[PDB]
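Numbering (UniProt numbering), first residue to last: 10 to 285, 296 to 384. Don't be surprised by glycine CBs; every beta carbon is placed ideally from N, CA and C.
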Amino acid sequence: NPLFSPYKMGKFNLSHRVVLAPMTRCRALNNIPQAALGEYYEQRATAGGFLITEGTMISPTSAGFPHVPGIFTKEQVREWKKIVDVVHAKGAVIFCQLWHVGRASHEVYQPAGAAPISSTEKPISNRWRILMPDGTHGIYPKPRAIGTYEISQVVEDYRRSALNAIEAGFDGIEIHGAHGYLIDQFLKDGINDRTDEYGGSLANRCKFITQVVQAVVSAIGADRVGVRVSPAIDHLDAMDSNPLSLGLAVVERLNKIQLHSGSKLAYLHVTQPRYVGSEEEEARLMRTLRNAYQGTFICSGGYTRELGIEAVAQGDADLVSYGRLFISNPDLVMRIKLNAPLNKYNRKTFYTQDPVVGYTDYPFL
Ligand SMILES: NC(=O)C1=CN([C@@H]2O[C@H](COP(=O)(O)OP(=O)(O)OC[C@H]3O[C@@H](n4cnc5c(N)ncnc54)[C@H](OP(=O)(O)O)[C@@H]3O)[C@@H](O)[C@H]2O)CCC1
Ligand SMILES: NC(=O)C1=CN([C@@H]2O[C@H](COP(=O)(O)OP(=O)(O)OC[C@H]3O[C@@H](n4cnc5c(N)ncnc54)[C@H](OP(=O)(O)O)[C@@H]3O)[C@@H](O)[C@H]2O)CCC1
Ligand SMILES: Cc1cc2nc3c(=O)[nH]c(=O)nc-3n(C[C@H](O)[C@H](O)[C@H](O)COP(=O)(O)O)c2cc1C
Numbered sequence: 010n011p012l013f014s015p016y017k018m019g020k021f022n023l024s025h026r027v028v029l030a031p032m033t034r035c036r037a038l039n040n041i042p043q044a045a046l047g048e049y050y051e052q053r054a055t056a057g058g059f060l061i062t063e064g065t066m067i068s069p070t071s072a073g074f075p076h077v078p079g080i081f082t083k084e085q086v087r088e089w090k091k092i093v094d095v096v097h098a099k100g101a102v103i104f105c106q107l108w109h110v111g112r113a114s115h116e117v118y119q120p121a122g123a124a125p126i127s128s129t130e131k132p133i134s135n136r137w138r139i140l141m142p143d144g145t146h147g148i149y150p151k152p153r154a155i156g157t158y159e160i161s162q163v164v165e166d167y168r169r170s171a172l173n174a175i176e177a178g179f180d181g182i183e184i185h186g187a188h189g190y191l192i193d194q195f196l197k198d199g200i201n202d203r204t205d206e207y208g209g210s211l212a213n214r215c216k217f218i219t220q221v222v223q224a225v226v227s228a229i230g231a232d233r234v235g236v237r238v239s240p241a242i243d244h245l246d247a248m249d250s251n252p253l254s255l256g257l258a259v260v261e262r263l264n265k266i267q268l269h270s271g272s273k274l275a276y277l278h279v280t281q282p283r284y285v296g297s298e299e300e301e302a303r304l305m306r307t308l309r310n311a312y313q314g315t316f317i318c319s320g321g322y323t324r325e326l327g328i329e330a331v332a333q334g335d336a337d338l339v340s341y342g343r344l345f346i347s348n349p350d351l352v353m354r355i356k357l358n359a360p361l362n363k364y365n366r367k368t369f370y371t372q373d374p375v376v377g378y379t380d381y382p383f384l
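Right, dumping it as structure tokens:
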């Protein structure tokens, strides 16, 4: 089973290639990491396995889900340290995903009920609704378009949060540049209607992600920085007219950062769409991004045991991250190794607040 051949991801000797994908679960009440998160990540940690946390706030304006953890305060750092410690005690590597939602927010999630920020004033359409704190679904509002100075202050929020993650003991951070969130609102030409230096051409649309990655690289070192993108995922009305071209343009900037800095990033992590031909066209897009990128490639999106084995065997990825199956299978790594049955997951408790129910009570083998 090639998922169980070891992989050297920079300094890290991973014993297998099954990665915990970042998953928002909304148990970090009032944005403070809770003891429940420690139990949840501990359950999933394995010796030599790699875990990526749920998206974590970089500032007070960065959230668009309830009870998502932050890492922008020293209080949040103290609580994250306890979780990192239990994960490291099991021999796992753990990165903190840094997440800003941009326009995918609501007055209820913003300080003083202010408008969310974006590259544009265009809102997400009414075909998508936002989960509210009371469990109902609400309307995405019109965001405020930010200027070049405010962009630099958002970049500084990423930098400070990356420093805080390292203070908490994380092995590194992942930049969430996917799924229609802030960075993707600058990348995708279906959203970014700017006429300044952050809009228009591929180079201008890639400016923001380049600036974010450069700032965190210069703060903590390229080896402790991964980057996640999703050029062909259309979530939250975030489409590009040419996803393969956009993806390659991002890869070009990442390769250039590495050459200029003198060091490789930890990895490029790409989520692909899954449609139920499209599967071959999408596989060729993924393989082309992998081939173009100078370093470690993590694939994600709809992977199963069989598809993960194929991705590694065929050279299409170095590591394979799993989301939904890892929600319901704390021992997913072992189940994949043994080709054991998998527990069904309960979508109704993906984003609820109970510290146990639908969170840590899915059974082991
Ligand atoms: N912070 C973030 O970055 C967030 C990322 N998210 C991403 O947003 C997108 C939309 O998420 P979703 O929960 O609204 O939809 P999705 O998980 O893709 O499934 C939509 C329907 O298609 C079903 N589906 C069963 N397999 C498949 C399959 N391979 N492919 C796409 N659909 C499938 C799927 O069945 P499940 O209940 O999950 O079994 C579901 O009923 C996804 O790409 C998701 O990964 C969630 C929100 C937080
Ligand atoms: N061990 C598992 O089953 C796992 C499922 N997983 C996912 O967990 C989620 C929860 O499962 P669910 O029962 O709540 O939803 P679903 O799998 O879509 O099936 C709903 C009902 O339709 C039934 N069903 C099933 N396949 C059919 C069919 N081809 N035609 C018609 N009816 C069908 C199915 O019967 P089974 O329990 O599978 O025997 C079930 O009663 C699903 O998204 C599932 O994809 C994770 C992987 C392992
Ligand atoms: C409940 C849930 C929450 C998620 N939260 C995040 C998130 O915080 N950050 C992110 O980059 N992706 C997030 N994702 C996307 C997953 O990381 C991953 O790409 C997707 O689940 C992989 O597909 P799979 O579920 O078929 O393995 C989330 C997915 C789900 C289902």
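Task: Check whether residue 197 and residue 247 have beta carbons under 8 Å apart - done: yes
Open item on the list: Let's test the definition: count the other Cβ atoms within 10 Å of the Cβ of residue 104 and tell me whether it reaches 16, buried, or not, exposed.
Closed with: buried
TODO: Decide yes or no for the touch test of the stretch 122–136 against the stretch 90–99: beta carbon pairs closer than 8 Å, at least 3 of them.
DONE: no
Open item on the list: Between 157, 183, 154, 156, which has its C-alpha nearest residue 168's C-alpha?
Closed with: 183
- [ ] Would you list the one or two residues that DSSP bridges to residue 108?
- [x] 66
- [ ] Rounded to whole angstroms, what's the CA-CA distance from residue 35 to residue 73? Just pull it up for me.
- [x] 11 Å
Task: residue 333 burial status per 10 Å Cβ neighbour count (16 or more: buried) - done: exposed
TODO: Assign residue 65 to buried or exposed, taking buried as 16 or more other Cβ atoms, counted over all protein chains shown, within 10 Å of its Cβ.
DONE: So residue 65 ends up on the buried side.
Task: Own chain, CB closer than 6 Å to residue 171, minus 5 neighbours either side, in chain order - done: 182, 225, 228, 229
TODO: Provide the residue(s) that pair with residue 340 in DSSP beta bridges, ordered along the chain.
DONE: Note: residue 340 is bridge-paired with 28, 319 in the DSSP secondary-structure output.
- [ ] Compare the C-alpha of residue 258 against each of 312, 242, 377 and name the closest.
- [x] 312
TODO: Could you please give me the residues that DSSP links to residue 237 through a beta bridge?
DONE: 185, 278
Open item on the list: DSSP three-state label for residue 128, please.
Closed with: Reduced to three states, the DSSP call for residue 128 is coil.
- [ ] Taking 8 Å as the cut-off, decide whether the C-beta atoms of residue 147 and residue 138 are in contact.
- [x] Result yes, Cβ atoms of residue 147 and residue 138 sit closer than 8 Å.
Open item on the list: Using CA atoms only, rank isn't needed, just tell me which of 140, 136, 130, 222 is closest to residue 200.
Closed with: 130
TODO: Excluding the 5 residues preceding and the 5 following residue 15 in the sequence, name in chain order all residues of the same chain whose CB lies nearer than 8 Å to its CB.
DONE: The residues are 22, 23, 24, 25, 57.
Open item on the list: For a test of the three-state rule: what should DSSP assign to residue 18, helix, strand or coil?
Closed with: strand
Open item on the list: When you compare the stretch 298–317 with the stretch 261–269, are there three or more beta-carbon pairs, one atom per stretch, that lie closer than 8 Å?
Closed with: Yes, the stretch 298–317 is in contact with the stretch 261–269.
- [ ] May I ask you to list the residues that DSSP assigns as paired with residue 154?
- [x] 127
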